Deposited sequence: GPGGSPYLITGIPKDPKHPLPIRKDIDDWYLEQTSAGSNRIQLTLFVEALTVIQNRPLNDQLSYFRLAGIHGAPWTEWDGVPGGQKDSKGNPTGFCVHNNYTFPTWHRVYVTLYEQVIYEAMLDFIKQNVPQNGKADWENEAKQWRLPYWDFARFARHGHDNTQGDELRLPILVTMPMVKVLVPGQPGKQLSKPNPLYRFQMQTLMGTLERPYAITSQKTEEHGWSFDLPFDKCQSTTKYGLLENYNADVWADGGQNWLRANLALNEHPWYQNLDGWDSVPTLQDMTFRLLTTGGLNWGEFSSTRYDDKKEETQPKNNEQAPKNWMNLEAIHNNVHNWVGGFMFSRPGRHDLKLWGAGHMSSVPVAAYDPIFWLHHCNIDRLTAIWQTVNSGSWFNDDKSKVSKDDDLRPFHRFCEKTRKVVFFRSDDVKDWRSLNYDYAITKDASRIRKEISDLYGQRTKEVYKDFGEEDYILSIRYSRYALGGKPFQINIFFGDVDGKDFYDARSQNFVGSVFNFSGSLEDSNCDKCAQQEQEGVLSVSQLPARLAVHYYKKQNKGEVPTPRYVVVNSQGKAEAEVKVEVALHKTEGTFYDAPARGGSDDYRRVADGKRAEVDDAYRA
C-alpha cells in the first residue's frame, strides 16, 4: 500500500503480449502437444489469490469487493443506499473497468511468479517464467459462436473452462504427471456463508447473505435455505439466455439470429457516435443509443439470472437468480473478469475504428478528468502517488497488453464482420432493404435502485408468460443492472418483418412489460419505447419514428 497498478512489466523478449480468447486459449493449452504451463499457472495462481485472507487487500474477495459489497476501504481509500467504487451510468464506465481488469491481471501475474519461485525446481524456472511473462488475462468472447469439432458452431456459450468443476494441471518437477484440481474459474467459494464473515466484510432481497459460493441461476424461492449455500452453476440455462432472440424464430421455417451478436455487430460497425453515446447508458438520435454499457448489462443478467421466483404454478422452471445479475455481488463470480475483459476489448476495437472520438462531446468532456478511485499510480512528473485518470489508459498498450484484433488492425472491419456480422447479414439479406430499431429510455432508479427487466413484444402479450424468448411475441429485453436517465437500443428488423407478414404489412405497436425479481409486472415503472425505421440495411451504411410503445397488462396474479 499503495498498490501501484502498472499492468504486467515490460520485457523486451515479450513485446505487447495479447489477451487471448479463453476458448482458443483453453483448447491450445489442453492439446496433446502443448506444455500446459499457462493453464497450470492461471489455475494455481487464482487458487492462491482466492485463498488469501480478508485482511489481504490482494485476496480475491477484496479485489471483487472493490466493485460493490461489502463496500469497504481498499488501498487506503475509504468505502461506505450503499454504493461501490465502480462507475455505472457515466462516461467513465469503459475506463474505470479498463483499470479494474488490469489490476486483476497484474495480481494474477504476480501470484504466478510467486508460484514459480516456490514450486518449480530451478532447472525449469526459466521456461515457466517465460510462459508467465507471455500470459495475459483471457477474454470471454460472448458474441462469438462457440466452436463445434474445430469448426464454427451456431450458438453463443459460456467459456468451456467456466463450465468445468475440475481441471487437470501439471505437477512441477514430475514430467508427464497431471492432477485434477478444483477449478477456480468455476465458482468462488468461501469457507462460510458470506453473510457471516467477520466485520466489516459480511455480505448483508436475493439471499446472497446465505451463499457460501457464487452461483448462476441457483437461487430460487421455495427451496430449503441450505440449498442457497451453493446453488450450483447452471451453465446450460445461462447459455440459453445468452442466445436470446425474437420469439417467432422458434417457429418452423425461420432462421434465428442471437440478439446479443446483432447488438454487438451494430455497436462496432455504426459510425458517427461520439464518446458519450458509445461509452455509457447515460442520457443527459435513437440510432445512436446502442452503447457498450447496455450490452454489458444484458450479459450480466443472462449469465447469472435475476428472478428469484415466479407467480403461479410451473413444472418447467426457467427462473433462478445468481451473482452476475446483481451489482453488489457480480464481481465475486470469476466469469465477471472474463466478461469485463471482453468489454475492454470491445472498447479497444471501437476506439480503433473511431480514433477521433474520446471524451469529445460536450457531455462526456466534463467527466474526462474524474479520478478513477480507488486505483493508484505513480506520477513521474510530480513524483506523487495519484489516482488513475481516463487519459492515462486511452492507449491500452501503455498497460503492456493488446488484443490480436487491434494488434494488426489492418483489416479490423473485415474481422468484425467475420466474427459478429455473418449470421446477421445472412438472415437479413432474405428480406427488404430497410432497418428497424427499438429505442428504450428509462430511469435506473425507477424501483428505488432495485433491478428490473424491460421486455418488448409485437402483438398480444401472454398475461402469464412475458419473460423471454419462449414468451409469445417476445422481441427483446433491456436489463437495468442496478442495486439523469439511461438508454438502450434493440434490433427490430427481423421481428418487424414477421409481424408484417402476419398482419397485412401493418407496423407493430411495441408493447412493453417491466418485470421485477419476483417475476411480477411493475405497472408504474416509466419506460419510453419507440420503433424507428430507415431505408437500406444497417451494415451497408436517417431514422424516423413509426410507432410509440404501449404498456401491456398482465394477469392479476402476476401484477406487482
- Message: Could you spell out the stretches of the deposited sequence that were left without C-alpha coordinates, going in sequence order?
- Response: 1-4, 85-90, 159-160, 217-227, 308-320, 520-536, 595-601
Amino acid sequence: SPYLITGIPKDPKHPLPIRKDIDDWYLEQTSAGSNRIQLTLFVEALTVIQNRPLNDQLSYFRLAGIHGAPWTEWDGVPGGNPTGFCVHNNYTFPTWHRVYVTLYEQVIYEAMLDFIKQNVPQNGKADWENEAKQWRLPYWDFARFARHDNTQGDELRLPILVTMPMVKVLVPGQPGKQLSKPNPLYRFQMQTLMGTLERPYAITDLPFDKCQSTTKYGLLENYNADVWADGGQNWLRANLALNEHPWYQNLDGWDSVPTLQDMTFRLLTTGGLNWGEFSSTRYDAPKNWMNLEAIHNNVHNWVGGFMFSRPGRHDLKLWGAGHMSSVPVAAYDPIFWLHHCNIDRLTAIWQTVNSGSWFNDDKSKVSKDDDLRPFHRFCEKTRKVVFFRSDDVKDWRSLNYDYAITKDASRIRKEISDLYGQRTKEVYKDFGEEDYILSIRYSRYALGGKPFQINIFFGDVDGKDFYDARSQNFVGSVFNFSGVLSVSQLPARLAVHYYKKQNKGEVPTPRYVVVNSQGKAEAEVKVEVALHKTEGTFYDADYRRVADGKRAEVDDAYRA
From here on, numbers count along this sequence of modelled residues.
- Note on the structure: Averaging the C-alpha temperature factors as deposited, the higher value of 14-22 versus 546-554 falls on 546-554
- Do the CA atoms of 252-260 or those of 225-233 have the higher mean B-factor in the entry? 252-260
- Query: Between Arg377, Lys429, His340, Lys216, which carries the biggest CA temperature factor in the record?
  - Reply: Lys429
- Message: Given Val120, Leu447, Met194, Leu372, identify the residue with the highest C-alpha B factor in the PDB entry.
- Response: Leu447
- So where's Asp315 on the chain's Cα temperature factor ranking, which third? middle
- Assigned third (lowest, middle, highest) for the C-alpha B factor of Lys520: middle
- Note on the structure: On the chain's distribution of Cα B-factors, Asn51 falls within the third called middle
- Chain third (lowest, middle, highest) by recorded CA B-factor, residue given as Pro70: middle
- Item | Chain third (lowest, middle, highest) by recorded CA B-factor, residue given as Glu110 | lowest
